[PDB]
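I have placed the structure first, in the form of structure tokens, so that the comments after it can refer back to it.
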Amino acid sequence: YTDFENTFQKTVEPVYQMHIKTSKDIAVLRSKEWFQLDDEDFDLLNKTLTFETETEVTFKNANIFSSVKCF
Amino acid sequence: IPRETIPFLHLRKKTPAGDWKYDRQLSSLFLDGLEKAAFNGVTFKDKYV
Amino acid sequence: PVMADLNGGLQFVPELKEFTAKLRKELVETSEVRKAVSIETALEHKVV
């Protein structure tokens, strides 16, 4: 089969746990457009974060995604 | 203690420039303690020297 | 005996230890944050 226009996928990812130690980690996190905090001023230093995400992709061909959405 | 007088025994305080100068308040603390000692005696119990 | 002061005015800076530590800390912070952020951006570009 090669009708990739008809294909879609949905995976629930493993829970990822991150321990925020330094301001370097906070700077790295805040650089990511996708890391959106409800309270922009939240103090993340010395906090443990868990990310519970889901990925929904559509395929352009075997190896390349026509769209990727993680939330 | 008369004003404009340095007591024979006094304490000093360091200034932002780093030099130590006579301090009326600290010296008053020290001299008041010395007076209390001379009158009532001072204890040193529980002191390890 | 002569005493020459060639300290260039540094004696007037208050709390020199803290001031220099602050200066150095701000410089290392800038450097490390920039380096790590650039590395992460490079990895995300390469994976995307």
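Identifiers in the structure tokens: chain A, B, ... in order shown; residue index from 1 per chain; ligand index from 1 in order shown.
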
Write out, as a Markdown table, each residue of chain C that has an atom at most 8 Å from chain B, together with the closest pair of atoms and their distance in Å to one decimal, counting only C-alpha atoms, rows going by chain and rising number.
```
| residue | atom | partner | partner_atom | distance |
| --- | --- | --- | --- | --- |
| C:11 | CA | B:17 | CA | 7.6 |
| C:12 | CA | B:17 | CA | 7.1 |
| C:14 | CA | B:16 | CA | 6.8 |
```

*Any idea what's packed within 10 Å of segment 27-41 of chain C, counting only C-alpha atoms, ignoring anything in its chain fewer than 2 positions away? Could you give it as a ChimeraX atom specification?*
/A:23-32 /C:21-25,43-47

*asked:* Taking 6 positions as the minimum chain separation for residues in the same chain, which residues sit within 7 Å of residue 51 of chain A when counting only C-alpha atoms? Answer as a PyMOL selection string.
replied: chain A and resi 15-17

*DSSP says helix (DSSP H, G or I) for which residues of segment 8-45 of chain B? Put them as a VMD selection string?*
chain B and resid 24 to 40

Just N, CA and C atoms for this one: save the residues we selected as an mmCIF file, in the first residue's frame.
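Final output, saved to part-v4.cif:
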```
data_model
loop_
_atom_site.group_PDB
_atom_site.id
_atom_site.type_symbol
_atom_site.label_atom_id
_atom_site.label_comp_id
_atom_site.auth_asym_id
_atom_site.auth_seq_id
_atom_site.Cartn_x
_atom_site.Cartn_y
_atom_site.Cartn_z
ATOM 1 N N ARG B 24 31.162 55.116 69.793
ATOM 2 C CA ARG B 24 30.591 55.434 71.096
ATOM 3 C C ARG B 24 29.695 54.311 71.604
ATOM 4 N N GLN B 25 28.878 53.725 70.727
ATOM 5 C CA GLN B 25 27.875 52.763 71.176
ATOM 6 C C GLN B 25 28.512 51.442 71.601
ATOM 7 N N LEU B 26 29.402 50.917 70.781
ATOM 8 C CA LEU B 26 30.095 49.688 71.110
ATOM 9 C C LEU B 26 30.927 49.855 72.370
ATOM 10 N N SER B 27 31.617 50.972 72.489
ATOM 11 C CA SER B 27 32.414 51.246 73.676
ATOM 12 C C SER B 27 31.530 51.381 74.908
ATOM 13 N N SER B 28 30.337 51.956 74.746
ATOM 14 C CA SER B 28 29.397 52.027 75.855
ATOM 15 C C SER B 28 28.959 50.635 76.283
ATOM 16 N N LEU B 29 28.682 49.760 75.317
ATOM 17 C CA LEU B 29 28.378 48.367 75.635
ATOM 18 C C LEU B 29 29.494 47.747 76.467
ATOM 19 N N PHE B 30 30.732 47.884 75.992
ATOM 20 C CA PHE B 30 31.870 47.253 76.655
ATOM 21 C C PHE B 30 32.067 47.807 78.064
ATOM 22 N N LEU B 31 31.981 49.129 78.221
ATOM 23 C CA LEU B 31 32.216 49.736 79.526
ATOM 24 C C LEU B 31 31.078 49.435 80.494
ATOM 25 N N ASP B 32 29.839 49.378 79.998
ATOM 26 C CA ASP B 32 28.725 48.979 80.850
ATOM 27 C C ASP B 32 28.905 47.551 81.340
ATOM 28 N N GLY B 33 29.345 46.654 80.454
ATOM 29 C CA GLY B 33 29.646 45.302 80.888
ATOM 30 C C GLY B 33 30.741 45.263 81.938
ATOM 31 N N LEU B 34 31.789 46.068 81.749
ATOM 32 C CA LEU B 34 32.869 46.101 82.733
ATOM 33 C C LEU B 34 32.364 46.595 84.084
ATOM 34 N N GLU B 35 31.505 47.614 84.080
ATOM 35 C CA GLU B 35 30.931 48.111 85.328
ATOM 36 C C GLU B 35 30.089 47.037 86.005
ATOM 37 N N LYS B 36 29.229 46.362 85.254
ATOM 38 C CA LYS B 36 28.415 45.305 85.836
ATOM 39 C C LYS B 36 29.273 44.225 86.436
ATOM 40 N N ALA B 37 30.396 43.918 85.806
ATOM 41 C CA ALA B 37 31.323 42.935 86.326
ATOM 42 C C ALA B 37 31.917 43.402 87.614
ATOM 43 N N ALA B 38 32.407 44.622 87.630
ATOM 44 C CA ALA B 38 33.026 45.154 88.837
ATOM 45 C C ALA B 38 32.049 45.185 90.004
ATOM 46 N N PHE B 39 30.761 45.392 89.731
ATOM 47 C CA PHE B 39 29.773 45.439 90.803
ATOM 48 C C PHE B 39 29.268 44.054 91.192
ATOM 49 N N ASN B 40 28.821 43.255 90.248
ATOM 50 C CA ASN B 40 28.200 41.986 90.571
ATOM 51 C C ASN B 40 28.982 40.732 90.268
#
```

*Can you work out the spacing between atom CA of residue 4 of chain A and atom CA of residue 62 of chain A in Å, to one decimal?*
7.7 Å

*Write out as a PyMOL selection string each polymer residue whose atoms come within 7 Å of residue 9 of chain A, counting only C-alpha atoms; drop sequence neighbours fewer than 4 positions from it.*
chain A and resi 56-58

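The interatomic distance for the pair atom CA of residue 60 of chain A and atom CA of residue 8 of chain A works out to 10.0 Å.
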